[PDB]
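Visitor: got a structure for you, letters missing:
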C-alpha cells in the first residue's frame, strides 16, 4: 500500500542480538588491561628479598632450596644430634 | 527519468543483501514498476483524443 521502511530500524535493534551481549562484555574487558607488561612489580623487597630473586622467584624452581635446607641440618651437627638427642 | 526511477532501485537490491525478507519494499518497487509499466503503454496507445473533422467526419 506504500513504501515499507525497515532499512533504518537498528537504533533499537542493536540490543537484543547475541553479538551485542558479547560486544558489551569484551569492550569492558579491554580498556583497563595493562598495555605492555606494565606494573609487573619485578622488584620484590620483603624480608629475605635476595631469596625472592634467586630461587623463590621460580625461574630455577629446582632442588637447591631443599639442598640449602639439608646443609642447614649438616651445619647443626653439634647442636641437635650432638650435645643433645 | 524512467531509467532514472529504477536506477536507484538497483541500489536497494544491493542494499537488500543485508536485509532479507523485505515484506513490501520490493512490493512497493513492484508497485512502482506495475503502474509505471502501465504508464508507457497508456501513452503509446494514446491516439490524439479527437475526431478528425477533416477526414474521419
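Guide: Done, it's in. Residues are numbered from 1 along each chain as shown, chains lettered A, B, ... in the order given.
Visitor: spatially nearest residue to the residue in chain B that chain A sits nearest to, not counting backbone neighbours?
Guide: With CB to the nearest CB, the shortest gap between chain B and chain A falls at residue B:24, namely 3.5 Å. In this view, the C-beta of every residue, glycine as well, is placed from N, C-alpha and C. The shortest distance from residue B:24 to any non-neighbouring residue, by CB to CB, 6 or more residues apart in numbering or on different chains, is to residue A:4 (3.5 Å).
Visitor: quick revisit: pretty sure the residue of chain B closest to chain A sits against residue B:30.
Guide: No. Using CB atoms under 8 Å, residue B:24 is not in contact with residue B:30; the gap is 9.1 Å.
Visitor: neighbour count winner among those two?
Guide: Set residue B:24 next to residue B:30 and count neighbours by other CB atoms under 10 Å in any protein chain shown: residue B:24 wins out with 15 against 11.
Visitor: ok, now which ones touch that one?
Guide: With contacts defined as CB atoms under 8 Å, 6 or more residues apart in numbering or on different chains, residue B:24 is in contact with A:1, A:2, A:3, A:4.
Visitor: among those residues, find me the one that's closest to residue A:27.
Guide: Set against residue A:27, the nearest of the contacts of residue B:24 by CB to CB is residue A:4 (33.6 Å).
Visitor: any idea which helix or strand carries that closest one?
Guide: Using DSSP states H and E, residue A:4 sits in no helix or strand.
Visitor: what's around it, how many residues?
Guide: Residue A:4: 14 neighbours (other CB under 10 Å).
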